[PDB]
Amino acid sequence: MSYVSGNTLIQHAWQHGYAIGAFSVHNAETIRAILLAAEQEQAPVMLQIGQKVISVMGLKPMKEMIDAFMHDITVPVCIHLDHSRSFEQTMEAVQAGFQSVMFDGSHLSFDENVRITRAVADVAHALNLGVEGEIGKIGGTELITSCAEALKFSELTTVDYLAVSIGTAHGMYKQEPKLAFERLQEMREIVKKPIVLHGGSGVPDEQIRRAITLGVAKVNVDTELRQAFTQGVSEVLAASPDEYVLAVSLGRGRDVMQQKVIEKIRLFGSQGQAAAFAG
């Protein structure tokens, strides 16, 4: 399997002014949409196993399902644990052979977030896998992170890439977001680490491109892919409600989601970058 450390992918992106897309997986067809998109675009990609899919399918089953679909894939792939709020769950992902983990301690006190994130980072560093932490809460579409908090957190935790609160939120945006570009620029010069953008779904393309120049090197996309999938399925079933061939109904969802992943890969500037990791 062409699996690569998240640290390897993200550092390369950060050093070359592009971002790795971190695409959330939910089942077989969503895994395939992402992998086929990456293989077509010759792009390194992160597949994110997050809290919701863990609750539905299980952490280890989702890892094993990715493994099963890697047979024809030659591009760099990193399996990433998203939004973990448990040291135990994070260690389960490490034991299951993930290539990146996020311990999200953003709801803990600063000191407690530091303590657990550092413990996770030490494990990740030991095993050559990527580690993400978060300082500053990112909520739902339903507190911009300070430079000081981000620097202190980064230095005490030794995280490889850092999620910060910079004007995004998870879900479909009610109001169009406006990213804290000035804050990102300060962090580039002070924190000097790759930044992770949570809540990438529905952020205007122009703002993504700008954010990447300022050191965003991982962009998380989940909702926009599930919307694309749901649109494809809906199209089939609204037109032909007695279409019972899943290869048609869910396969159209797969196709529409694959197009969306291709769109994001290109937005992020990650197309063609697979070549950089062969040698």
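Start at 1 with the first residue shown and count on from there.
Exercise. Deposited residues absent from the coordinates between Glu142 and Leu143, none, 1 to 3, 4 to 9, or 10 or more?
Worked result: Unresolved stretch here: 10 or more residues.
For this session: For the higher mean C-alpha B factor in the entry, choose 164 to 172 or 82 to 90.
Result: In the deposited entry, the stretch with the higher C-alpha B-factor mean is 164 to 172.
Problem set entry | Segment of higher mean CA temperature factor, 215 to 223 or 234 to 242 | Looking at the recorded C-alpha B-factors, 234 to 242 comes out higher on average.
For this session: Would you mind checking which of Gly130, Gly97, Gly133, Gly202 has the top Cα temperature factor in the PDB entry?
Result: So the option with the highest C-alpha B-factor is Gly202.
For this session: Would you mind finding, among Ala126, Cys147, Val77, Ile195, the residue with the largest C-alpha temperature factor in the entry?
Result: Out of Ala126, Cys147, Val77, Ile195, the record gives the largest C-alpha B-factor to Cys147.
For this session: Select lowest, middle or highest to describe the third in which the CA B-factor of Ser55 falls within its chain in this entry.
Result: As the PDB entry reports it, the C-alpha B-factor of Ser55 lands in the middle third of its chain.
Exercise. According to the PDB entry, is the CA B factor of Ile10 in the bottom, middle or top third of its chain, that is, lowest, middle or highest?
Worked result: For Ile10, the deposited C-alpha B-factor lands in the middle third.
Exercise. Thinking about Cα B factors across the chain, which third does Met257 belong to?
Worked result: Its C-alpha B-factor belongs to the middle third of this chain's values.
Problem set entry | CA B-factor placement of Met102, once the chain's modelled residues are sorted into thirds | Answer is lowest: the recorded C-alpha B-factor places it there.
For this session: Select lowest, middle or highest to describe the third in which the CA B-factor of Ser154 falls within its chain in this entry.
Result: Middle third by C-alpha B-factor.
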